[PDB]
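Worksheet for the structure shown next.
What you see below is based on every heavy atom in this structure, not just the backbone, and it leaves out hydrogens, waters and symmetry mates. So that the names make sense, note that chain A is the first sequence line, chain B the second, and so on, each numbered from 1.
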Amino acid sequence: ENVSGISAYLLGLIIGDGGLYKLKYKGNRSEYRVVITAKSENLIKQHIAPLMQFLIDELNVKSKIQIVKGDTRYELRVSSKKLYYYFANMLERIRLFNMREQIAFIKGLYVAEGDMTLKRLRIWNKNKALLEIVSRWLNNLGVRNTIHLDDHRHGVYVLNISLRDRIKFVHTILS
DNA sequence: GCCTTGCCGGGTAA
DNA sequence: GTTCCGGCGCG
DNA sequence: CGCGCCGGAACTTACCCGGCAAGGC
Ligand SMILES: [Cl-]
Ligand SMILES: [Mn+2]
């Protein structure tokens, strides 16, 4: 479906450059947040937000897309119990993504946490198990890759995509 | 040569 | 990237 | 009383970038 794909992509952005938060305030107040942060307000307004808005319309979510200016980056924020569980449940069923979703999701994760220089093809994350999942999808799409611990200061692993397959990767995934 | 990729420090964009 | 804050709405 | 959407803001740190050098054809 068109929404499952846009969903997979947004989840990549979210995991890569934002998050999902179940907040608890005093006294017994709460909030659920779907967040993507970025340096460029323009990317957020022009590229990311129209995608999220579509998803919101599609799910009859009522919350508004908030764009908040932070000291170091802009934050897209949807304050919504519904949107939150939607993405959170999807994250839990990640291993079952089909090809369409796999691709969309890797695209989102790469845009967010990849080497966009493209001189090398790399993805960074502290979650090894998440990288191992991506690694297998790639291998099965004919894109060889390795994982090792890149940054010993912060426990950040890198998924390195063999440049022998640079073309199949840039073409297949970053479409 | 040249290409690839593991290594590792800077500092800003998460 | 994450979690405080004070606000508000609502059964 | 209990919870869930707003609008920030302060707070922390995980990324991305990019030079180097070892191994391979
Ligand atoms: Cl995971
Ligand atoms: Mn990023």
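The furanose ring of B:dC8 falls on the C2'-endo (south) side of the pseudorotation cycle, as its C1'-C2'-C3'-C4' torsion is below zero. Sugar pucker of D:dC15: south, since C1'-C2'-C3'-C4' comes out negative.
Distance CG (A:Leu109) to P (D:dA14): 16 Å, rounded to an integer number of Å. We find that CD1 of A:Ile65 is positioned 13 Å from P of D:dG7, with the value rounded to whole Å. A:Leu83 places its CG atom 16 Å from the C1' atom of D:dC6, with the value rounded to the nearest Å. Spacing between atom CG of A:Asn127 and atom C1' of C:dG1 amounts to 15 Å, rounded to whole angstrom units. Going from atom CD1 of A:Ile56 over to atom P of D:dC5 covers 12 Å, rounded to whole Å. If you take CD of A:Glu75 and P of D:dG8, they are 11 Å apart, rounded to a whole angstrom. Atom-to-atom, CG of A:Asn125 to P of D:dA14 comes out at 11 Å; the value is rounded to the nearest Å. Across the protein-nucleic acid pair, A:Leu159 atom CG and D:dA14 atom P stand 19 Å apart, rounded to whole Å.
Salt bridge A:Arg33/A:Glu31: present, at least one basic N to carboxylate O contact under 4.0 Å. Remark: A:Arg144 engages A:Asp165 in a salt bridge, criterion side-chain N to carboxylate O under 4.0 Å.
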Annotated protein contacts, base or backbone, on nucleotides 5-11 of chain C with a non-hydrogen cut-off under 4.0 Å, one of B, S, - each = BBBB---
Which nucleotides of nucleotides 4-14 of chain B have their base under 4.0 Å from a protein heavy atom (B), which only their sugar-phosphate (S), and which neither (-), written as one string 5' to 3'?
-> SBBBBBBB-BB
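When atom types are taken as modelled, the side chain of A:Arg93 and the backbone of A:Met90 share no donor-acceptor pair closer than 3.5 angstrom. Side-chain atoms of A:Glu75 do not come within 3.5 Å of backbone N or O of A:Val68 as any donor-acceptor pair. Here the side chain of A:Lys69 pairs no donor or acceptor atom with the backbone of A:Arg73 at under 3.5 angstrom. Checking side-chain atoms of A:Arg120 against main-chain N and O of A:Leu163 turns up no donor-acceptor pair under 3.5 Å. For A:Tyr21 (side chain) and A:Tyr32 (main-chain N/O), no donor-acceptor pair under 3.5 Å exists by modelled atom type.
Residue contacts for A:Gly70: at a heavy-atom cut-off of 4.0 Å it reaches no nucleic acid atom on any strand shown. Using a 4.0 Å heavy-atom criterion, one finds that A:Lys24 contacts the sugar-phosphate atoms exclusively.
Proximity note for A:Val35 (side chain, C-beta onward) versus D:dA14, C:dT2, D:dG7: the nearest is C:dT2.
Between D:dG18 and A:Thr117, a contact under 4.0 Å exists linking OP1 or OP2 to a side-chain N or O. Dashed line: the shortest gap from a side-chain N or O of A:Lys64 to OP1 or OP2 of D:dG7 is under 4.0 Å. OP1 and OP2 of C:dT3 both lie 4.0 Å or more from every side-chain N or O belonging to A:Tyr21.
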Side-chain polar contacts of residues 1-18 of chain A - donor-acceptor pairs under 3.5 angstrom, sequence neighbours left out - could you list them?
unit_1	atom_1	unit_2	atom_2	d
A:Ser4	OG	A:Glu1	O	3.1
A:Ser7	OG	A:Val3	O	2.6
A:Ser7	OG	A:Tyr86	OH	2.7
A:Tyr9	OH	A:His47	NE2	2.7

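A:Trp124 and A:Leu174 sit in two unconnected hydrophobic clusters of ILVMFWY residues. Membership requires side-chain heavy atoms under 4.5 Å apart, directly or through other members.
Going from the P atom of C:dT2 to that of D:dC16 covers 12 Å, rounded to whole Å.
Remark: A:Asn145 CG to A:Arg164 CZ distance equals 10.0 Å, nearest 0.5 Å.
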